[PDB]
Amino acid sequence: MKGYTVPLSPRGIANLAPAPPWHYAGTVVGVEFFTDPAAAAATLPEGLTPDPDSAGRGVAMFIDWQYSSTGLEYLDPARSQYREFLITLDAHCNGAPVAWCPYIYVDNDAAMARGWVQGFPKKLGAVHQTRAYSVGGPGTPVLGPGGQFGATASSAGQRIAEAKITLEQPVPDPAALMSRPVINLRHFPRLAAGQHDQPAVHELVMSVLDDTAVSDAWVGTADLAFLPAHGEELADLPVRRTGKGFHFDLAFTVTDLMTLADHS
């Protein structure tokens, strides 16, 4: 049998995701927000410490992704396109600023599988963001000063996040938006009786992104709210204040992943 993820199969096609490289091109609506430092700290895994300078700061990102591998998979958009909502929280790893990801939602099963392999704790959700069309007109915002963009995320039919940004000026240092590495947790439990508290995989990891590119980056103001929902804990990170709003394209390739600590 062949394949990278399940299902393994005779021809290695049925698997949810093939082996890397995984290529990504996306458009991001992002919102800087600030929650209670203690609430953010409660989500951190062992190995990460509160950020001494910006504890409580986080970033909420709504992304329209397009994925591809080595065979022009982006020509099959029914499988390759997906929409994603995640938050990261400022933290430190041994004195270095990092971005811990506690929650993330996608509308695609292949994306969910790729995320689990990376340690992104992906669940299914419905994610939407306003789109900018270059033809212009009253059906689209301008990708420039004054342009307004909305974004929402739902899980199991429940709205969990709603955001709006208003662009003001270009980002001076676009590459700096990706300065903090994302930290994740690869986790796969055991089902054998007596071992439900002894996961087979449980390791802190740092996301490794090849050939990262950011373009058409804009910054402005933002409004954001997290909403309580049954079976979710996002709203346990209350939005006390919103920072800047961001809009940019993002691209990278995934071929690697750094294990920081293997907790068995």
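Start at 1 with the first residue shown and count on from there.
Looking at mean Cα B-factors across 56 to 64 and 209 to 217, the upper value is held by 209 to 217. For the two regions 227 to 235 and 34 to 42, the entry's Cα B-factors average higher over 34 to 42. Across the residues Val106, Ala132, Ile160, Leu177, the deposited record lists the maximum Cα B factor for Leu177. When the Cα B-factors of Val117, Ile87, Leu185, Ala110 are read from the PDB record, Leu185 comes out highest. Placement of the Cα temperature factor of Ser80 within the chain: middle third of the modelled residues, per the deposited record. Sort the chain's modelled residues by C-alpha temperature factor and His92 lands in the highest third, per the entry.
Ranked within its chain, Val171 lands in the highest third, by CA B factor from the PDB record.
In the PDB entry, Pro181 places in the highest third of its chain by CA B-factor. Annotation for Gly194: CA B-factor lies in the highest third of the chain's modelled residues.
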